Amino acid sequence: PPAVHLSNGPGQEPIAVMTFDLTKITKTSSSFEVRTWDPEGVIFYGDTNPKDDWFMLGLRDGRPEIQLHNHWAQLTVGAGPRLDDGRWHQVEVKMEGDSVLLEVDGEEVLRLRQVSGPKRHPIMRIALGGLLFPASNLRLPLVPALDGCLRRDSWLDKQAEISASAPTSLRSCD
C-alpha cells in the first residue's frame, strides 16, 4: 500500500491534521504501520483542548512513549520494544473502558488504566508527525521530528471525521 513520510522539511510541524466530531464517534481506536531508524520523535498528537486535554504517542530511545494530560490523569510513560530497527511495525491505540491500550505487532505492551471518565469540546484533533503546541509544552520535552514512514493508517471512524488539512502535499516513501 501507499506509505507517507512522517516528517517534512525541518520537521517543526505535523504533516496532517484531522478533526473529529466526538459525538459521532462509535469506534475509539486507531491503527497504522510505521517504519523508522529514528529513535525519537512524535508519531501522533491528539487533543480536545491543547490547554488541558491532550495526548501524544511518540518514540524516545527508540521505544514507544505516551504523554497524557487530562482531567483524570497526567503521565509520561515508556513501554514496548524498540521500533527503530528499520522494519515495519503494526501499532494500535485504543480506548477500552477507562483505559488506553497500546498494542505493538499484535501484542499488548501498555495499558494506562483509570485515565478516562464520563473531554473539553465535542471536537478531537489528531496531528500526524508533530504537535499542535510547542514541544517545550510537553510534560517531558523531546524533539518532535520523526524520520519515518506511515502506512495502512485508520483513525477512529471516517463517519465522525469533520475535516482534514495538510500544510503541504504528503510526501510518499515510495
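Rigid core here is just the name for the largest C-alpha set that superposes within 1.5 Å across the two forms. Heads up: residue numbers just count along the shown sequence, starting at 1.
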{"item": "RMS Cα shift after core superposition in 6 other deposited structures of this protein, winner of 109-117 and 59-67", "value": "109-117"}
{"item": "Farther-lying stretch by C-alpha RMS in 6 other deposited structures of this protein (rigid core fit) among 160-168, 146-154", "value": "160-168"}
{"item": "Interresidue gap class [residue 118, residue 119; deposited sequence, unmodelled]", "value": "1 to 3"}
{"item": "Comparing 126-134 with 58-66, the one whose average Cα B-factor in the PDB entry is higher", "value": "126-134"}
{"item": "Mean temperature factor over C-alpha atoms, higher-scoring stretch between 47-55 and 23-31", "value": "23-31"}
